[PDB]
Structures are given as C-alpha cells and as structure tokens.
Amino acid sequence: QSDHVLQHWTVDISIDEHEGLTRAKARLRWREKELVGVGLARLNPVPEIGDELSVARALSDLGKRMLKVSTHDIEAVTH
Ligand SMILES: [Cl-]
C-alpha cells in the first residue's frame, strides 16, 4: 500500500463584531511562515450570517494571498 504522508495545519479565525459590522482575520502559521487574510461584512445583512460572510471573505483573501506567496516561492527557485 503506497505511502500517504499526512500533516495537519490550523487556521485560527478571529471574528470581531463591532458597531454593526463584523471583521474576520484568518491566520495560518506553518513551518517558518505566517499569513493572514481579512474579510468584512454587515453584522445583519441574523448575526450568524454576518459572521459567516466575513469569514468566507477572510478565507478567500487568505487563499489568494497564499497562492501569490506560493508563486513567489516557486519563481525564487526557478528564477
Ligand atoms: Cl456585507
């Protein structure tokens, strides 16, 4: 049975509800790096819904930033 090598990383998501808006910050630490993404939403566009929307936007932002960082970590090798 050929090898499956598994690792586990965590994104910590902080959600701050203030003045009718919600700001989510998604923080990923791995190896020797850290990246953050941020998203915002109206708290009530149910406040659960504002939370979900700001987190969706934060995770999208983090993924887009991580794709750009990945690309640069590649081109730093291949020049
Ligand atoms: Cl919104």
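Everything below is about the structure shown above.
Attention here is on the structure that accompanies the text.

The sheet contact formed by strand β2 (residues 21-30) and strand β3 (residues 33-42) spans 10 bridges and is antiparallel. By the bridge assignment for β3, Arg 27 is matched with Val 36. Taken together, β2 and the strand that follows it, β3, pair antiparallel across an intervening segment of 2 residues, in which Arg 31 is found at a positive phi of about 40°.

Turning next to helix α1 (residues 47-78). Along an α-helix, residues three or four apart share an orientation, since each turn contains 3.6 residues. A rise of 1.5 Å per residue sets the reference length of α1, with its 32 residues, at 46 Å; its end C-alpha atoms lie 47 Å apart and thus fit the reference within 8%. Considered for burial, the residues of α1 that qualify are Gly 50, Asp 51, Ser 54, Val 55, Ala 58 and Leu 62. If you follow the buried residues of α1, they end up packed against β1 (11-18), β2 and β3. Taken from the residues just after α1, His 79 is the one with a positive phi, measuring 55°.

Tallying each qualifying case throughout the model produces 1 aromatic pair. With 5.8 Å between their ring centres and 25° between their planes, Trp 9 and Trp 30 make a pair best called stacked. Linking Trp 9 in the segment before β1 with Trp 30 in strand β2, this pair joins segments that are 21 residues apart in sequence. In this structure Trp 9 comes out as partly exposed when scored by relative accessible area, which is 38%. Look at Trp 30 and you get buried, because its relative accessible area is 9%.

This brings us to the nonpolar core. Counting residues in each nonpolar core, the largest one holds 8 residues, listed as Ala 24, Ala 26, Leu 28, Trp 30, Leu 35, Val 55, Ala 58 and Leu 62. Those elements that provide at least two residues to this core are β2 and α1.

This part is about the sheet that holds β1. Spatially, β1-β2-β3 is the arrangement adopted by the 3 strands of the open sheet, whose pairing is antiparallel. On the outer flanks of this sheet lie β1 and β3, each paired with one strand and no other. Averaged over all adjacent pairs, the angle separating strand axes in this sheet is 15°, with direction ignored. Bridge count between β1 and β2: 8 bridges; the pairing is antiparallel. Its bridge partner being in β2, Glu 17 is matched across the sheet by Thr 22. Each of β1, β2 and β3 is contacted by α1, which is oriented at about 145° to β3, the strand it contacts most.

Here is what the cut-offs are and how they apply
- Residues numbered from 1 in each chain as written, not as in the entry; some residues may be left out.
- Heavy atoms only, no water.
- Residues with missing side-chain atoms left out of burial classes, pairs and counts.
- Pairing = 2+ DSSP bridges.
- Helix = DSSP H or I, 4+ residues; strand = E, 2+ residues; numbered from the N terminus.
- Expected span 1.5 Å × (residues − 1).
- Buried < 20%, exposed > 50% of the residue type's maximum accessible area, 1.4 Å probe, protein only.
- Contact = heavy atoms within 4.5 Å.
- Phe/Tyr/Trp six-rings, centres within 6.5 Å; stacked < 30°, edge-to-face > 60°.
- Core = buried A, V, L, I, M, F, W, Y, C linked by side-chain atoms within 4.5 Å.
- Axes fitted to C-alpha atoms, helices over the stretch in contact; angles between N-to-C directions.

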